[PDB]
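A short worksheet on the structure shown next.
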Amino acid sequence: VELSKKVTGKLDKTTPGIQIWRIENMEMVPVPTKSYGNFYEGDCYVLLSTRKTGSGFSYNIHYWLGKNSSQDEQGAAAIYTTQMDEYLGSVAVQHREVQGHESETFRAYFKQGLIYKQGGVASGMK
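Note that the UniProt record's numbering has the sequence shown beginning at 2, numbered continuously upward.
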């Protein structure tokens, strides 16, 4: 929720890799490298890639839209990516992905295998 503060504060600094955000239960969440890879398929996942450069770092915010949530959810994953795009310094970029758009791009950042669990992780009841 509101990536700002617990995210825009220090999305990624001096560290080549990527930090995704799980949109399970229709809500953004900080997905570090401890869970990166196995992300629900029916949801949304913002992936912020950061690389080193001669001037500083190059960020690349992505917005994965595992076609399952609702149109508003698409506005959410995109909003968080829009909050870190400016809070990062405008040096980041914006990318579009989906359940069939993050093919070699998503796996590209993941040189191994991307798993996909079941969305709706806020059930724990039904």
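Cβ atoms here follow ideal geometry from the backbone N, Cα and C, with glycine treated the same way.
Going along the chain, which residues of its own chain have a beta-carbon closer than 7 Å to the beta-carbon of residue i, five neighbours each way excluded?
i          : result
residue 22 : 4, 29, 30, 31, 32, 46, 47, 81
Measure the Cβ-Cβ separation of residue i and residue j and say whether it is below 8 Å.
i           : j          : result
residue 117 : residue 40 : yes
Just the Cα atoms here: how many angstroms apart are residue i and residue j?
i           : j           : result
residue 102 : residue 43  : 14 Å
residue 88  : residue 9   : 6 Å
residue 36  : residue 78  : 18 Å
residue 99  : residue 71  : 13 Å
residue 121 : residue 26  : 5 Å
residue 56  : residue 92  : 11 Å
residue 1   : residue 96  : In the structure displayed, the chain extends from 2 to 127; residue 1 sits before or after that span and is not available.
residue 54  : residue 11  : 18 Å
residue 50  : residue 75  : 20 Å
residue 85  : residue 7   : 11 Å
residue 20  : residue 127 : 30 Å
residue 94  : residue 119 : 28 Å
residue 34  : residue 69  : 24 Å
residue 123 : residue 90  : 33 Å
residue 109 : residue 61  : 13 Å
residue 106 : residue 66  : 13 Å
residue 2   : residue 73  : 14 Å
Among residues of its own chain, excluding the 5 on either side of residue i, which ones have a beta-carbon nearer than 6 Å to its beta-carbon?
i           : result
residue 125 : none
residue 52  : 17, 59
residue 64  : 47, 78, 79, 82
Can you list, in chain order, the residues of its chain whose CB lies under 8 Å from that of residue i, leaving out five sequence neighbours each side?
i          : result
residue 38 : 111, 113, 114, 115, 116
_Going residue by residue through the region 19-74, where are the continuous beta strand (DSSP E) segments of at least 3 residues, counting only ones entirely within it?_
46-53, 58-66
*Can you list the beta strand (DSSP E) stretches of 3 or more residues lying completely in the region 90-126, in chain order?*
95-99
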